[PDB]
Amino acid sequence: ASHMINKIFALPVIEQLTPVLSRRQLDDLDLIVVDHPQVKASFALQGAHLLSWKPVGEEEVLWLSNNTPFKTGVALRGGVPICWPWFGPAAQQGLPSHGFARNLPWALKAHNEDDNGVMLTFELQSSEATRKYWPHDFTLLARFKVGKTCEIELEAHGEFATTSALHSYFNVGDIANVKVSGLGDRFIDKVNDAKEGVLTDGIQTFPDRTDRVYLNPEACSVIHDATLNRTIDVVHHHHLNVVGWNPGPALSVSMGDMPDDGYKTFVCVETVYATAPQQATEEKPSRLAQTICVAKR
């Protein structure tokens, strides 16, 4: 991850937005790069996709694939994919997993900054193109706060019912020692025939391919990382579910936008609204949010 992320911060500035915010470009994609005294972070306009976040004094918090394409319309591997207006495999033949918002260019609508960090608002709207495959008008906003902590808030305006996720990839020293706590009790194991399991202590380990939807997780998931000597707190709001995922080695090998050994240095802990649909009116827009906090261990 650190190598690919260092590539982004080495890129020429195409436009200086503010003293800490610049636009740059990698292959096809326009990037917004935050290089602030208290935090480094970067985004693609495509998918309003948070690619990296490193608060001062900490190692990179988000994992980004050193093998991901940066191509128009192609989902980025790593960071925090915004999965909207569906989570997981498409109901319709030929549609991708995790919706279509992560594939389209969002506008950077607003931002502000101070000595502590930066706030940014990205917007996606329906168009004749989106209405071709999803006949609902919408305006989707992704608001970020990047600083000592990282806040992500997704808000969908329209009249529709959806499922969604903030599909975060967290940089870990070694997946073989990672455990995640605060995951509650019941879960659906997608690796094993969607069987429902029950944890008695809310603690998940990732010895191999793991793909679980937690039905009753606590507000705060805690990723314990003995190798980087830290915990990452992932706080979920307005959600129904948390997903824990690591593809393990076979899948890591066959995924072309992943390094063969990529699975070693991330775990996904996702804020999810999947087991029932979320209402947007009308106007009470839907919301889904995740806050990330790093602590020593």
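Don't overthink the numbering: it's just position in the shown sequence, from 1.
If you average the CA temperature factors as listed in the entry, which stretch comes out higher, 135-143 or 188-196? Looking at the recorded C-alpha B-factors, 188-196 comes out higher on average.
249-257 versus 41-49: which one carries the higher mean Cα B factor per the record? Stretch with the higher mean C-alpha B-factor: 249-257.
Among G78, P85, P207, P217, which residue carries the highest C-alpha B-factor recorded in the PDB entry? In this record, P207 carries the highest C-alpha B-factor of the candidates.
From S164, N177, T149, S221, can you pick the one with the highest C-alpha B factor in the entry? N177 has the highest C-alpha B-factor of those listed.
By the record's CA B-factor, is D30 among the lowest, middle or highest third of residues in the chain? Middle third - that is where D30 ends up once the chain's C-alpha B-factors are sorted.
Split into thirds by Cα B-factor across the chain's modelled residues, where does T231 land: lowest, middle or highest? Ranked within chain, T231 CA B lands in the middle tercile.
Considering only modelled residues of the same chain, in which third does the CA B-factor of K264 rank: lowest, middle or highest? Highest third - that is where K264 ends up once the chain's C-alpha B-factors are sorted.
Could you tell me which third, lowest, middle or highest, the C-alpha B-factor of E113 occupies within its chain? Its C-alpha B-factor belongs to the middle third of this chain's values.
Ranked C-alpha temperature factor of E60 among modelled chain residues, by third: Ranked within chain, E60 CA B lands in the middle tercile.
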